[PDB]
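Only the coordinates and a few stated rules stand behind these numbers; no lab work does. Quick reminder, even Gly has a Cβ in these numbers, built from the backbone with ideal geometry, and neighbours come from all protein chains shown.
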Amino acid sequence: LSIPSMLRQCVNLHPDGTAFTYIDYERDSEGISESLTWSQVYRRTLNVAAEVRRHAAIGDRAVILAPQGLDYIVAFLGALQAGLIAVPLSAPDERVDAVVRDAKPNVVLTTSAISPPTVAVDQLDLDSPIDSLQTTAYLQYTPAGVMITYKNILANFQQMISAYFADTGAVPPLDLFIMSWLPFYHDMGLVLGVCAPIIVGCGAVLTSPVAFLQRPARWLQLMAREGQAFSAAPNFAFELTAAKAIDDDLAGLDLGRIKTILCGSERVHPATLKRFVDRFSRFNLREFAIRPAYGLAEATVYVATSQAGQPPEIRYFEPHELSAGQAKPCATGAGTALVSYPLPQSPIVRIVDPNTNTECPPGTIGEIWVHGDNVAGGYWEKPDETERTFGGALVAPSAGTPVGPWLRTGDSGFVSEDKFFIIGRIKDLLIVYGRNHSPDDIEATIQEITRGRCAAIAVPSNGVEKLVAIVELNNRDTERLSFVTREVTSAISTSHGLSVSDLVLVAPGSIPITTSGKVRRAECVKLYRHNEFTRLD
Ligand SMILES: CCCCCCCCCCCCCCCC(=O)OP(=O)(O)OC[C@H]1O[C@@H](n2cnc3c(N)ncnc32)[C@H](O)[C@@H]1O
């Protein structure tokens with residue numbers, strides 16, 4: 001029923017079984033380990049709940065402001081245990097205090113090392129020998145916090161276990177262990193790192209994303225520990241590992257026991273997936289272990305994924321018609337490549353015209369709408385924004401299609417042969433002469449000339465959008481730069497039929513990224529308009 005009730009059931013069945021293991025690469029370059037059994041985590045969870053009962057009541061919000069690590073886990077788990085609506089955030093910012101005022105928490109859960117009462121859970125006697133809600137568990141973040149219920153989580157996990165383990169009858173192997181470096185304050189990292197261990201019943205090997213960025217090879221190492229690994233990562237993280245990994249760190253590594261590596265949170269590029277398998281197949285990586293996965297925070301986390309026992313399937317479509325709005329399949333190798341996503345059984349996906357609230361015919365591109373019990377009930381204390389995002393109603397629905405409520409994802413997609421495809425985020429698209437061009441395709445054209453980071457943004461000017469590209473380039477003459485500017489400009493002209501209004505050659509690190517690495521094409525637009533970039537001239 002509730003995460004607290006399942007944790008308590010993990011303690012009954014397997015008191016001394018390992019639950020959470022955190023590898024800390026901060027002091028030692030090769031990492032220091034520490035593990036808790038189900039008994040130890042429950043005990044810390046109970047102790048955090050006691051200190052929280054002293055400051056807040058059932059229904060109050062508890063903001064979690066801690067670095068990655070075991071203390072984050074018992075802070076989050078201690079909140080739900082005391083019947084508080086947890087609020088996972090990142091440790092220090094103005095957009096952190098925007099949440100705090102939107103959520104109005106009655107307690108803050110912090111660490112020594114970093115009006116409402118604040119608790120330092122590290123300084124609490126967490127190993128000292130010795131209620132929950134049943135609807136709203138936590139908010140996932142004008143800032144808008146998604147309301148996630150235990151019914152939301154459980155339903156999504158049931159949809160997940162069924163799709164991810166369809167070839168083994170929705171039963172994961174006895175060997176399974178979760179491995180994640182994803183941050184706990186993000187959709188994927190929190191459900192995979194903190195919740196899945198308890199709901200699934202396996203242990204977790206966890207670390208920080210700054211440790212992965214330092215040395216992306218630790219990801220492969222930790223996955224290859226005893227058992228079958230279940231992990232996840234954004235697309236570019238697959239790139240970063242295929243690039244900056246040394247066969248010396250991978251000395252005598254077995255990757256054949258890996259069970260699932262999810263690729264999600266951003267567009268999945270076939271080019272990136274081929275590099276990953278072509279490079280780590282040497283160490284026995286099974287390619288059907290790579291599972292494209294689509295989702296939103298508004299759906300708890302999961303919407304669709306690739307078939308269980310097969311490697312990712314790739315489809316090909318004519319690029320010219322794609323911009324026109326039409327998906328016309330073409331021969332293998334020709335046109336744009338897109339990862340096929342089988343239309344999910346649960347939740348269900350439909351492609352809808354955002355202007356007429358009516359479904360699109362197959363091959364026609366519209367907005368992705370989602371329906372299912374994993375879809376959240378709305379945004380915390382935001383009635384109007386909840387109506388816009390969650391109040392989707394289908395006009396004259398097709399046979400077998402509910403009329404509502406539908407979650408409007410803001411993503412472009414289409415169906416082709418009972419498979420559906422994700423083009424990209426609508427507001428991030430570039431419209432030029434009625435055609436739609438996606439930044440993921442543009443940057444893929446640049447990212448293969450420069451092999452650095454990019455961002456293809458749309459700057460409005462006197463009634464039209466103009467293509468601007470921020471191109472990170474290595475800093476270590478005034479020619480050579482011309483060869484690159486001229487190279488990329490022509491590569492965008494011939495591959496996309498677009499003119500580059502401005503190419504900003506910046507130093508490495510200039511483009512805004514996340515902690516896991518998603519390029520922030522949103523800020524870039526105003527950093528450009530406010531002339532915040534320094535060019536290599
Ligand atoms: C057995 C143990 C249990 C497993 C536990 C693991 C849990 C994680 C599994 C689900 C992974 C699903 C990605 C989560 C998206 C996210 O990270 O959540 P969120 O931050 O809300 O952003 C969402 C927005 O990102 C874009 N996006 C996301 N996936 C995209 C794609 N495959 N292709 C293209 N675009 C894509 C899209 O635009 C969307 O709207």
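Would you mind stating whether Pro88 is in contact with a strand residue (DSSP E or B) (Cβ under 9 Å, 6 or more places away or on another chain) and assigned to a loop (DSSP other than H, G, I, E, B)?
So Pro88 fails the test.
So which of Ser306, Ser340, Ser323 is more than 17 Å from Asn156 (Cα to Cα), within 12 Å of the ligand (Cβ to nearest atom) and not charged (D, E, K, R)?
Just a single option satisfies the conditions, and that option is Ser340.
Applying the selection to region 141-164, what residues are more than 19 Å from the chain's Cα centre (by Cα) and either near the ligand (Cβ under 10 Å from one of its atoms) or charged (D, E, K, R) (or both)?
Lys151
What are the residues in region 478-491 that are under 21 Å from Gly509 (Cβ atoms) and either of a type outside the set (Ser, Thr, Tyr) or surrounded by 18 or more Cβ atoms within 10 Å (Cβ to Cβ) (or both), if any?
Within region 478-491, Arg480, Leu481, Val484, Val488 qualify.
If you take the residues of region 429-453 that are polar (S, T, N, Q) and within 26 Å of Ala243 (Cα to Cα), which of them is surrounded by the most Cβ atoms within 10 Å (Cβ to Cβ)?
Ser438
Out of curiosity, is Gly517 within 16 Å of the ligand (Cβ to nearest atom), part of a loop (DSSP other than H, G, I, E, B) and under 30 Å from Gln307 (Cβ atoms)?
Yes: the conditions hold for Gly517.
Of the residues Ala19, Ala49, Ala62, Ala57, only one is of a type in the set (A, V, I, L, M) and within 17 Å of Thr207 (Cα to Cα); which?
It is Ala19.
Between residues in region 185-196 that are acidic (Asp, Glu) and residues that are within 6 Å of the ligand (Cβ to nearest atom), which pairs lie under 6 Å by C-beta distance while being six or more apart or on different chains?
If the second residue must be within 6 Å of the ligand (Cβ to nearest atom), the pairs left are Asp187/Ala297; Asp187/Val301.
Mind listing whichever residues of region 433-483 are in contact with a strand residue (DSSP E or B) (Cβ under 8 Å, 6 or more places away or on another chain), outside any strand (DSSP E or B) and of a type in the set (S, T, N, Q)?
Residues satisfying the conditions are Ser438, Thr450.
Just the residues that are of a type in the set (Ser, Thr, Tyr) and within 25 Å of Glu387 (Cβ to Cβ), please, taken from region 283-308.
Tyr294, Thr300, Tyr302
Restricting to region 413-449, count the residues that are within 11 Å of the ligand (Cβ to nearest atom) and over 19 Å from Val339 (Cα atoms).
So the answer is 2.
Here is a yes/no grid of residues against (1) out of contact with any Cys (no Cβ under 7 Å at 6 or more places or on another chain); (2) of a type in the set (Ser, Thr, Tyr):
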{"site": "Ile457", "(1), (2)": "no, no"}
{"site": "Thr478", "(1), (2)": "yes, yes"}
{"site": "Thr485", "(1), (2)": "yes, yes"}
{"site": "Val500", "(1), (2)": "yes, no"}
{"site": "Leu505", "(1), (2)": "yes, no"}
{"site": "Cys524", "(1), (2)": "yes, no"}
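Scan region 302-333 residue by residue and report those that are in a loop (DSSP other than H, G, I, E, B) and farther than 30 Å from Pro405 by Cβ.
Selection gives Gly309, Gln310, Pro311, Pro312, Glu313, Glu318, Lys328, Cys330, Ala331, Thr332, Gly333.
With the condition kept exactly as written, say whether any residue in region 117-134 is in contact with a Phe, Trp or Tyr (Cβ under 7 Å, 6 or more places away or on another chain) and within 16 Å of the ligand (Cβ to nearest atom).
So far as region 117-134 goes, no, none of its residues is in contact with a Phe, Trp or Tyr (Cβ under 7 Å, 6 or more places away or on another chain) and within 16 Å of the ligand (Cβ to nearest atom).
Before we move on, is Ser510 closer than 29 Å to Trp181 by Cα, among the polar types (S, T, N, Q) and part of a loop (DSSP other than H, G, I, E, B)? Spell out the reasoning first.
Values: closer than 29 Å to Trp181 by Cα: yes; among the polar types (S, T, N, Q): yes; part of a loop (DSSP other than H, G, I, E, B): yes.
Answer is yes for this residue.
Considering each of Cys202, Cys195 in turn, give the residue that is within 10 Å of the ligand (Cβ to nearest atom), more than 16 Å from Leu262 (Cα to Cα) and over 19 Å from the mean Cα position of the chain (by Cα).
Answer to the check: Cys202.
Kindly list, by first and then second residue, each pair from a residue in region 325-349 that is at positive phi to a residue that is within 16 Å of the ligand (Cβ to nearest atom) and in a loop (DSSP other than H, G, I, E, B), limited to pairs with Cβ atoms under 6 Å and residues at least 6 apart or on different chains.
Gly325/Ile365
Can you name every residue in region 40-77 that is assigned to a loop (DSSP other than H, G, I, E, B), within 26 Å of the chain's Cα centre (by Cα) and at negative phi?
Those that are assigned to a loop (DSSP other than H, G, I, E, B), within 26 Å of the chain's Cα centre (by Cα) and at negative phi: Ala66, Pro67, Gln68.
List the number of the failed condition for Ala233; all other conditions in (1) out of contact with any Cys (no Cβ under 8 Å at 6 or more places or on another chain); (2) buried (at least 22 other Cβ atoms within 10 Å of the Cβ); (3) of a type in the set (A, V, I, L, M) hold.
(1)
May I ask you to verify whether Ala232 is under 24 Å from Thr515 (Cβ atoms), small (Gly, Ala, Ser) and in contact with a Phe, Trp or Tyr (Cβ under 6 Å, 6 or more places away or on another chain)?
Taking the combined requirement at face value, the residue does not satisfy it.
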